[PDB]
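So here's one chain in two forms, each on its own in structure tokens, numbered structure 1 and structure 2.
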Structure 1
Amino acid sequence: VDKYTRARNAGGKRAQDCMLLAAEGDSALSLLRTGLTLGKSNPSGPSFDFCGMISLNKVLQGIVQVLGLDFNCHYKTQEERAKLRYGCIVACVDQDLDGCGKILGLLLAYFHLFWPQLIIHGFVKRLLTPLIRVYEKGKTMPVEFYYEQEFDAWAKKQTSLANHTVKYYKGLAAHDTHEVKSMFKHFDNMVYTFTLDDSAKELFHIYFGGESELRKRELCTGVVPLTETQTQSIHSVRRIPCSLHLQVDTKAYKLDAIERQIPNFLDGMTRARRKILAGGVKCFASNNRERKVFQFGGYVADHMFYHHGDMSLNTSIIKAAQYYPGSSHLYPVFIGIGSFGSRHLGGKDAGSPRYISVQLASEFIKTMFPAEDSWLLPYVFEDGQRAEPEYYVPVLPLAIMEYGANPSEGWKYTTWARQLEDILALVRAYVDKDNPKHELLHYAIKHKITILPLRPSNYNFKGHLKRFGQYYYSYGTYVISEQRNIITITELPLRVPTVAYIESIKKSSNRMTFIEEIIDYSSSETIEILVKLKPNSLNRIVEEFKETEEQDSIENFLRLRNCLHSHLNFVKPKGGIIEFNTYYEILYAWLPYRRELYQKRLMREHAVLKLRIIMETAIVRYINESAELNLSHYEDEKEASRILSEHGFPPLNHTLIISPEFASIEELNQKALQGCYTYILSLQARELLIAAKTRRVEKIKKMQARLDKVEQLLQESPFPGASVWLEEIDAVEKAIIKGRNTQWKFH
């Protein structure tokens, strides 16, 4: 067997004392080799005298061959087990979702399917490695945690983490050489044994069986973290229940795989698209200069922790910067500068990422996603670093205002964008206090009924939308020239590529008996396809493809019909998969999430406003009293701070009060008043002038007026921030109108 290293006693008298270390890949094999050949010191550590290696179907067949297993045996007796060359198999896979959730889960499912008795009595093991290590400055022995719950619980009891650094080891390749030495020093303590319980059989049949309905039922709930009692139990007994592993790690892997293709219902974007939007907001905030697609993709991968390859990242950026009839985004995030694709090839004809550049639609992004509300969203922490937020809460329900189509592993996601006017009317009726049927909409939301209609978006569509039964249909347009005996196709159904449509028409021989030649003469936006028919066939086409009520004979001939199928599957904010029936439900579910955000916005802005008022008042007082103070007479920082303290100047946190980027209201109240005199001692010479003093006084008056206005808005009815919500809705509508007027190029 290739990439297999045997031991001295494998298959010998003490073969039962041997071990087989199943490595995930080449890096795992290198780590195992480094650990095993380490036996020049600490002789108690493992070596090749009893431990072999193997790399992880042909792979499972090889593992069976090295293990000397028999497919016709059940291994219910010790004598039957004695024929095995190795006493146990240990899987050395990484702690990430792809390694321990997929490969280890597949190995466990295979062993349970073929030899359950080996798992029951104990034959399959895994090598737990320290997931998180905390290093103390000056201390040589780190604090090692095997689960994130342990690290979190330990951190809650720590006074301060300033002198502590946290390193996450989710992969076997992330362990340094000295850490590998330390791990293989205690190797005998870090290997656990799998145990099969009663619920484990059912859990295995749910995750790895052919029963898709049970899998969909199981994936409807988020990941359940291991309880502290369970963590203590597994650490004490040195045994992993198979059911617990399947319920935690495999479920997390499956939910992460599904989450990549199915977006949240609050913002209508997946994790990758959320990362891209956050990176675009961060990059183009200072200056909205054009940046190339590969450069911006590198920036996103650097800042928002986008570990996937550059191909998918560049494709997603291009798709987010695309704007053409039938595109996925009716309101794309980025302004495309160059050739980003055409409707004929479905956007796949975009230019190379090295040539096309991307620019952020500042007027649309700054209004739809307010910058002041970005500090209140829950953020995703990747290895201790703050990545993109868990979900965006835009001013309007972006999940239903844009086209979407993404298949999944069993699930289907397909949405057709609703009309902007109807959504705006519904949201305004919900928000506006004095507006017809405003209380009626509240009653409708309370009793889950619909009053105002939602219609599919007819923009960028030179056709007519018709409803029949409970489904929507989009029709194309055609003209007939009897003189030349041709049919000119002027518009295709919604989201139908021109090249794909032509190929589908050509691939049908029956239609080809009547069609002589098809030429694509369409523009970039306008469709013009000339179909030449054979002599004396138009009457035959009408006779064969009989005209029906649903579609005309020509429409049946040319496949000028589309079905607006809608599968409203989305991801809940706290994990899991949620299924909606109508877009009304998505709107009514998204409304409270945004309604609750304005109150937090207003309270945080009130507290921060008080803090800025205090600081600017103190600064203006120092500006007025600088001549009396004569700060240059004092020697160092300590004496200056002391004399500033004698004059009653309050000590404030300069860094946090000015920039409370992610501080809560309680944090602001408890910490912002425990700083130093930097706010005075760091004032520049140009700020001592009368012009700067007058500007600061005017700013203080404006902040006081804004504080009073914030109090009034907090006292507003029905909910705080209703008028602010209406103003933001109007701004978003104006930005969308300006974008649509200028081909989504704000010039």
Structure 2
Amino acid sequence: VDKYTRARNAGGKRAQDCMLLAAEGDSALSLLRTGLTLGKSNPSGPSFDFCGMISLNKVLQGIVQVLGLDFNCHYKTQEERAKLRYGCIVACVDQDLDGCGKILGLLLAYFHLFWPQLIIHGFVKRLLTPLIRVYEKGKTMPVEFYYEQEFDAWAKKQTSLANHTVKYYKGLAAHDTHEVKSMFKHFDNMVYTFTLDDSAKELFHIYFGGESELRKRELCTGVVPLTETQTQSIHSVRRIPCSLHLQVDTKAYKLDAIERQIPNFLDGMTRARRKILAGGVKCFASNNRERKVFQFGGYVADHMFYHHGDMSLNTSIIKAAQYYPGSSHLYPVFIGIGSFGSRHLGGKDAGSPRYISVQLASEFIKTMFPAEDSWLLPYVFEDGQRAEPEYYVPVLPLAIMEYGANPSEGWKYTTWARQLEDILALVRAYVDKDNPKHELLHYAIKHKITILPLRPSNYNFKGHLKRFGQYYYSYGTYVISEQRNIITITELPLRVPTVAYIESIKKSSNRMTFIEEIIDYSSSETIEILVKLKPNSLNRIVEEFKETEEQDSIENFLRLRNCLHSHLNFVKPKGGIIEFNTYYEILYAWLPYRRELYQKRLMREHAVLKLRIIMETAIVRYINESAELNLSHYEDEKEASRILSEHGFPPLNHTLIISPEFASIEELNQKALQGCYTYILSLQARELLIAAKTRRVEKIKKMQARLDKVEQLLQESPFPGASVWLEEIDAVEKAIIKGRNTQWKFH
């Protein structure tokens, strides 16, 4: 066996007292070696006397060879279990879903499939290392939480976190030397035995069996965090049910694996694309100066917590800036300066990231993704730092607005962009109260039927879109020269690369028989392929390929027909996988999220306006009464605060009121009334004049007018923010038109 360190007592008289520390990889093996050889100033801790190490079906073959397990044995009795070389096997995997969810899950499935009696009687354990450590100022011993729920509960009991620094250890390689010493000093109090319950068999069959339907049904919903009672019981008896592990960690790992290929139906982008968009918004906010692709990728990795390889990051950055006929992005996020790709190679002929540059399409991103609503979306947190939002909610349904296809395997995703005019008409009819077939559209939405039509986008396509049965076909255009006998292909079908199409024709002998030569003089955007045929071949070509209503004889000969198959599989905002049948369902699912976002924006604006009005009124009152109060004579802040409280001045938080970044409306109303009176003592000398008071009065008047406008907006029919939604739709349409006029180079 390779990478196996046997214990001194393994396989001997005290073999049942031994342990086998199954390490995830090389880092886990290094940590285990450091802990086991630490037994110099550690009499109570473990050592190599009873603890062995191994690195994690050849690996499983080595595992069974070391443990001395028997395939034909059941280990239902103690005498049969005593033949094992080791008392128990302990898996040392990182707390991240990639390691504990996959490797430990596979090991548990293996053991359950072959030797379950070991699992029920107790043979498999796991190394539960502290997930989160909170260090105080002046206190050496930290507070350790094994789950994020426990840390959240503890932080709910903390008045302030200024004196506490929080460190997340999601991998075994994140533990420092003294932290490793601390964990291995209490090694016996940190191993957890796995147990089998009634639902464990069904969960194992679902997550590791050959039935894909059960797996898809189980993965339809999200991952539920462990209930505090379950966590408390686990910490109490030091036993972890297999069902809980399979339902939480394995499900999270599988959902994360799917989420890397399947986009959300609200914004149409995956996690990597959302990170790239957030990094682009943050990076180009100060100035829209051009930056190289690798520099922007480094910025995204540094700020947006993009821990994957830079190759995929650069590829996605290049794809987000591509703009050519048949490209994935009809409205790309970034303006690309340089050679970012051509339709002939399907965007695979892009320049090196060291040369091409990216810029933020501010006039489009600002309108499609409002900055005001960016403070209201739920954000994902990576090691306690605010990363990109969980999902973006654009003004228009960007999920169905662009060409989408999954190049990988394991999940089929393919969407064809719908027409901009049809989508705009549908959304405007839904939103506008004074619009034909508005009530009819709402009634149809309630009964889930379609009234207004949705058609595939015909932009950047000089072909023909036809409907046959329930399918949509795209036909390229060609012109034939009888005198020259050659055929000039002028337009390929939708999203058909030129080089791949030419090679596909060249790979067929039946078509190669009638074709003598193929030359590609197509421009960067316009296709022009000359196919020189053998003499006297038109009649033979017509006879070989009979003409039908579905397609022409030459169209069949040259394969100038493409089928628009759509696979509408998306990720729900609260986790899980959702399957749609038509784009109407996607639009109907996206609409309520945007309506709720508009309502939330209006409500938070109302709350912040009320707080600012209160602050300004208090400031004006203090300005008026400073002559009689004479607060400038006092020195201490406490005396001034007490006299202001006696006079009735309300206490407000300066920072939260003036900078309400990410505070929810209930949170904003909760913690804004426990501030101080700093806003009064911080007033400038020039601000005590009559002119400053008049300016503040004018500001109060304009803010009050905005408050009445917001209040009137909140009562708008059918839902609040309808006029704002229509205005933003008009702005987005204008930005899209301007981008299309200038080839998405806004100048």
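We call the rigid core the largest set of C-alpha positions that still match within 1.5 Å between the two forms. Residue indices: 1-based, along structure 1.
Candidate list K462, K534, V64, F719; rigid-part hinge between structure 1 and structure 2 assigned to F719.
Comparing the two forms between structure 1 and structure 2, the rotation angle of the smaller rigid part against the larger comes to 20°. Here the two forms are laid over each other by their core, and the C-alpha of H606 is off by 3.9 Å between structure 1 and structure 2. Summarising the core-aligned comparison between structure 1 and structure 2, the C-alpha atom of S626 is found to shift 12.8 Å. Taking the core as reference, the Cα of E382 moves 0.8 angstrom between structure 1 and structure 2.
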